[PDB]
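Notes follow the structure.
Chain identifiers are assigned alphabetically (A, B, ...) following the order of the sequence lines, protein sequences preceding nucleic acid strands; residue numbering begins at 1 within each chain.
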Amino acid sequence: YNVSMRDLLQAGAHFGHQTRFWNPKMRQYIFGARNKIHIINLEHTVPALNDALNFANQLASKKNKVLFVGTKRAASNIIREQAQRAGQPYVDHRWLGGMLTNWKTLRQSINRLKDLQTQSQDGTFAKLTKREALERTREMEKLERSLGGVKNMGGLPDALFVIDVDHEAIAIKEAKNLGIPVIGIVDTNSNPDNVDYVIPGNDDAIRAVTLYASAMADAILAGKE
RNA sequence: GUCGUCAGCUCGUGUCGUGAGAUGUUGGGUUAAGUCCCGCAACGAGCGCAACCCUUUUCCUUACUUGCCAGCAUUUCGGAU
């Protein structure tokens, strides 16, 4: 399930942000700048990506869970489709504060979320009139978009995967607080300090996020033990 | 009584701070209204608001006296009978 290197170049993982927005911690990985924007070498990208795939494969073999996290407008549908394909839940929309550090309250949220979904499946929602029914339906989309991923979880995920560390810094802080390992793609302008498995590459490119999510979903599915 | 029928006042778990504390109530529209919707390290609640109570406007059912008189009849022309 390795990504070779040529796939990374054809996707465009080497492109990064402008030199003026860089984070000095990525000096080792940047390797140079072709233009006023940084270009990261894939020679460092491929081994870390393969190691992340291996770790995810081992975790899936042990049947432990890897949560998906992508919120950017570019990678939202990518994490949508690939996490649905892999059967590993996700945080597609805005990362609500305290998901992991305040799980005791979110268990209740998942609770009447599931109860109202079961009511929608049942004929209970058929009895009441149209206005109140539409009110509860609006409540249903409102709750589902925020907590659609978390309903499957029965506990804290064993690992996290992150599309943008800066954009999902709150999730990184929560994972550091509770000790969950994090694998996230870290761009030029990003801080890799709290990421256990640092895979450096572009996160704006739809091709790049598609490649990353597809490869990780392939590894998770190919655990198969 | 008054501000004044003014629209605000409080609580839980998480985060931030050595700490007293803070967050949530924050911005853009709209409404009599913290009324509602989008935004938003916060998510959710409770009291306030609104509604439940009385009265008025249209119609239906029950009830036909001490109240009513469309049709019939008698009229002292007064539902008087």
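- With a positive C1'-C2'-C3'-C4' torsion, the sugar ring of B:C49 falls in the north range.
- Using the rule of two distances under 3.5 Å, B:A51 and B:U30 do not count as a Watson-Crick or G-U wobble pair.
- The interatomic distance linking A:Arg138 (CZ) with B:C37 (P) rounds to 10 Å, in whole Å.
- Bases B:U5 and B:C6 do not qualify as stacked neighbours, criterion being ring centres under 5.5 Å and ring planes under 30°.
- Using P as the reference atom, B:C37 and B:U61 are 44 Å apart when rounded to the nearest Å.
- Here B:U74 is matched with B:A80 as a Watson-Crick or G-U wobble partner, both contacts being under 3.5 Å.
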Might you list the N or O atoms of the protein lying below 3.5 Å from N or O atoms in nucleotides 10-16 of chain B, with each pair's distance?
| unit_1 | atom_1 | unit_2 | atom_2 | d |
| --- | --- | --- | --- | --- |
| B:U13 | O2' | A:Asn102 | OD1 | 2.4 |
| B:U13 | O2 | A:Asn102 | ND2 | 3.1 |
| B:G14 | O3' | A:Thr101 | OG1 | 3.4 |
| B:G14 | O2' | A:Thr101 | OG1 | 3.0 |
| B:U15 | OP1 | A:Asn177 | ND2 | 3.2 |

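- Rounded to whole Å, the separation between the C1' atoms of B:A41 and B:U26 comes to 12 Å.
- A positive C1'-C2'-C3'-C4' dihedral is found for the sugar of B:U10, placing it in the north range.
- Taking atom P on both nucleotides, B:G4 is separated from B:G34 by 16 Å, rounded to a whole Å.
- Base stacking between strand neighbours B:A50 and B:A51 is present, with six-membered ring centres closer than 5.5 Å and ring planes inclined by less than 30 degrees.
- Closest approach to the A:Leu96 side chain among B:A42, B:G44, B:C40 is made by B:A42 (side chain taken as heavy atoms from C-beta onward).
- The gap from the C1' atom of B:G27 to that of B:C53 amounts to 40 Å, rounded to the nearest Å.
- Between A:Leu143 atom CG and B:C43 atom P the separation is 12 Å, expressed in whole Å.
- Ring orientation note: the planes of A:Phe55 and A:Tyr197 are close to parallel, at an angle under 30° on the 30°/60° scale.
- Using modelled atom types, one finds a donor on one side chain and an acceptor on the other under 3.5 Å when comparing A:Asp166 with A:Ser190.
- With rounding to whole Å, A:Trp103 atom CH2 is found 17 Å from B:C43 atom P.
- The furanose ring of B:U65 falls on the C2'-endo (south) side of the pseudorotation cycle, as its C1'-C2'-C3'-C4' torsion is below zero.
- Rounded to a whole Å, the CG atom of A:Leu113 is 14 Å from the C1' atom of B:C43.
- In this structure, A:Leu134 stands alone, with no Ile, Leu, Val, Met, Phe, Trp or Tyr side-chain heavy atom under 4.5 Å from its own, directly or through other members.
- Residues B:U62 and B:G19 show neither Watson-Crick nor G-U wobble pairing with both defining distances under 3.5 Å.
- A negative value of the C1'-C2'-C3'-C4' dihedral assigns B:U66 to the south, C2'-endo side.
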Enumerate donor-acceptor pairs with a distance under 3.5 Å from any side-chain N or O in residues 69-82 of chain A to protein atoms, sequence neighbours excluded.
| unit_1 | atom_1 | unit_2 | atom_2 | d |
| --- | --- | --- | --- | --- |
| A:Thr71 | OG1 | A:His93 | O | 3.0 |
| A:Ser76 | OG | A:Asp92 | OD1 | 2.2 |
| A:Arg80 | NH2 | A:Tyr90 | OH | 3.3 |

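- A donor-acceptor pair is defined here as one N or O able to donate and one able to accept, closer than 3.5 Å; no such pair exists between the side chain of A:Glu168 and the backbone of A:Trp95.
- B:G12 and B:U26 make neither a Watson-Crick nor a G-U wobble pair with both donor-acceptor distances under 3.5 Å.
- Put simply, A:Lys142 has a side-chain N or O that comes within less than 4.0 Å of OP1 or OP2 on B:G44.
- Counting to the nearest Å, the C1' atom of B:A42 and the NE2 atom of A:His93 are 18 Å from each other.
- With its glycosidic angle more than 90° from 0, B:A70 is assigned anti.
- Taking atom P on both B:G67 and B:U55, the two are 26 Å apart, rounded to the nearest angstrom.
- Adjacent nucleotides B:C52 and B:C53 miss the stacking criterion of ring centres closer than 5.5 angstrom and planes inclined by less than 30 degrees.
- The separation of B:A7 from B:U31, taken at their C1' atoms, amounts to 13 Å, rounded to a whole angstrom.
- Comparing B:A51 with B:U65, their P atoms sit 43 Å apart, to the nearest whole Å.
- Note that CD1 of A:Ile206 and CG of A:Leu211 are 11.0 Å apart. Values are rounded to the nearest 0.5 Å.
- More than 12 heavy atoms of other shown residues, nucleotides or ligands fall within 6.0 angstrom of atom CD in A:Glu141.
- Nearest-nucleotide positions on RNA chain B place A:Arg94 closer to the 5' end than the other of A:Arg94 and A:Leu106.
- Heavy-atom contacts from other residues, nucleotides or ligands closer than 6.0 Å to NZ of A:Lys36 number 12 or fewer.
- Both conditions hold for B:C72 and B:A73, whose six-membered rings have centres under 5.5 angstrom apart and planes under 30 degrees, so their bases stack.
- Remark: B:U65 and B:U66 are not stacked on each other (six-membered ring centres under 5.5 Å, interplanar angle under 30° not both met).
- The glycosidic torsion of B:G78 lies within 90° of 0, placing the base in the syn range.
- Here the side chains of A:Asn35 and A:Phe15 are not in contact, with every heavy-atom distance at 4.5 Å or above.
- As rounded to the nearest Å, B:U57 and B:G29 have P atoms that lie 45 Å from one another.
- Rounded to whole Å, atom P of B:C40 lies 9 Å from atom NE2 of A:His167.
- The environment of A:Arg145 atom CZ is sparse: at most 12 non-hydrogen atoms of other residues, nucleotides or ligands sit within 6.0 angstrom.
- The pairing partner recorded for B:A33 is none, the criterion being a Watson-Crick or G-U wobble arrangement whose two distances lie under 3.5 angstrom.
- Pairing between B:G21 and B:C64: absent (Watson-Crick or G-U wobble, both distances under 3.5 Å).
- A north sugar is assigned to B:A50: the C1'-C2'-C3'-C4' torsion is positive, on the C3'-endo side.
- With both pairing distances under 3.5 Å, B:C77 is matched to nothing as a Watson-Crick or G-U wobble pair.
- Atom-to-atom, CD of A:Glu135 to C1' of B:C37 comes out at 10 Å; the value is rounded to the nearest Å.
- Taken together, B:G8 and B:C47 meet the test for a Watson-Crick or G-U wobble pair: both N-N or N-O distances fall under 3.5 Å.
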Steps toward side chain to side chain donor-acceptor pair (under 3.5 Å) verdict (A:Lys173, A:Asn194): CA-CA 8 Å; A:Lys173 252 166 271 173; A:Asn194 288 328; over 6 Å; no
